[PDB]
Amino acid sequence: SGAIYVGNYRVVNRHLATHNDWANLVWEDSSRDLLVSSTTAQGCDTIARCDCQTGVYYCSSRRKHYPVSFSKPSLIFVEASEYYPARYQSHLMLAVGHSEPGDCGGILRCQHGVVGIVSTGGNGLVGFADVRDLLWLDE
Ligand SMILES: CSc1ccccc1CC(=O)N1CC[C@@H]2[C@H](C1)[C@H]2C(N)=O
Ligand SMILES: [Zn+2]
């Protein structure tokens with residue numbers, strides 16, 4: 001679990017979105033595993049606007065942060081899941097690193113701010129859904 005709080009928006013994994021997230025829906029993209037809902041309180045997270053390929057992510061299954069190198073956002077095999085079936089996540093970045101399913105929602109950050117959230121992985125990989133292209137989150 002986990003979310004990004006920026007302005008009057010809450011960014012979560014679409015597969016973990018709650019009833020309240022869907023009742024206050026702003027945008028969702030099944031192909032990206034993202035959902036953005038509106039909030040009453042103002043969030044103070046900063047979204048990164050960059051092309052960094054290195055950062056640090058939080059891994060709840062180890063209670064640890066790990067530094068990683070990750071690929072640029074691209075279309076990639078997501079193993080047909082319970083929430084979804086086979087298809088290629090768009091805007092997904094991969095790194096070598098530990099992850100388990102509840103790891104989804106952990107934040108990946110670079111020196112510029114939030115880059116994305118854990119969204120795929122397995123067999124020694126970890127996938128992050130990029131949010132740097134969502135320029136509207138800042139307004
Ligand atoms: C960190 S995910 C993971 C980690 C180790 C082992 C297995 C997984 C896979 C997993 O259970 N997933 C959650 C639901 C859907 C795909 C990934 C998500 C998507 N974005 O399509
Ligand atoms: Zn950066």
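Basis: the model, the stated rules and, where named, an outside source; these are not laboratory values. Neighbour counts run over all protein chains shown; Cβ positions are idealised from the backbone, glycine included.
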Any hit, region 88-96, residues being farther than 17 Å from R14 by Cβ, exposed (fewer than 13 other Cβ atoms within 10 Å of the Cβ) and more than 13 Å from ligand 2 (Cβ to nearest atom): yes
Qualifying residue in region 80-95 (condition: within 12 Å of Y58 (Cα to Cα), in contact with a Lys or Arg (Cβ under 8 Å, 6 or more places away or on another chain) and of a type outside the set (V, I, T)): no
Cβ pairs under 9 Å, 6+ apart, first in region 87-116 and closer than 19 Å to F77 by Cβ, second among the acidic types (D, E) and assigned to a strand (DSSP E or B): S90/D29; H91/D29; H91/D130; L92/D130; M93/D130; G116/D130
Residue that is farthest from ligand 2 (Cβ to nearest atom) [pool: residues in region 50-67 that are under 20 Å from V6 (Cβ atoms) and under 15 Å from the mean Cα position of the chain (by Cα)]: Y58
Unique match (being of a type in the set (A, V, I, L, M, F, W, C) and closer than 24 Å to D138 by Cβ) among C59, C52: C52
Criterion violated by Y83 - all others in (1) without any contact (Cβ under 8 Å) to a residue 24 or more places away in the chain; (2) loosely packed, with under 15 Cβ neighbours inside 10 Å satisfied: (1)
Residue match in region 118-128 (condition: within 16 Å of ligand 2 (Cβ to nearest atom) and either touching a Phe, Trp or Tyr at 6+ places or on another chain (Cβ under 7 Å) or more than 17 Å from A3 (Cα to Cα) (or both)): yes
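Within 13 Å of ligand 2 (Cβ to nearest atom) and within 16 Å of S30 (Cα to Cα): does that describe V131?
Answer is yes for this residue.
Counting only residues that are within 16 Å of ligand 2 (Cβ to nearest atom) and under 11 Å from the mean Cα position of the chain (by Cα), how many does region 98-117 have?
Applying the first criterion (within 16 Å of ligand 2 (Cβ to nearest atom)) to region 98-117 yields 107-117.
Then drop every residue that is not under 11 Å from the mean Cα position of the chain (by Cα), which leaves 107-109, 114-117.
Counting residues in region 98-117 that are within 16 Å of ligand 2 (Cβ to nearest atom) and under 11 Å from the mean Cα position of the chain (by Cα) gives 7.
Go through region 59-94 and count every residue that is of a type in the set (K, R), within 23 Å of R132 (Cβ to Cβ) and outside any loop (DSSP other than H, G, I, E, B).
So the first thing to find is which residues in region 59-94 are of a type in the set (K, R), and the list is 62-64, 72, 87.
After this cut, where a residue has to be within 23 Å of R132 (Cβ to Cβ) as well, the list is 72, 87.
Subset that is outside any loop (DSSP other than H, G, I, E, B): 87.
Residues flagged as of a type in the set (K, R), within 23 Å of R132 (Cβ to Cβ) and outside any loop (DSSP other than H, G, I, E, B) within region 59-94 amount to 1.
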Residue within region 13-23 that is within 12 Å of ligand 1 (Cβ to nearest atom), under 16 Å from the mean Cα position of the chain (by Cα) and assigned by CATH to the domain that holds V115 present: no
Hits in region 29-56 - residues which are touching an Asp or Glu at 6+ places or on another chain (Cβ under 9 Å) and buried (at least 16 other Cβ atoms within 10 Å of the Cβ): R32, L34, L35, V36, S37, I47
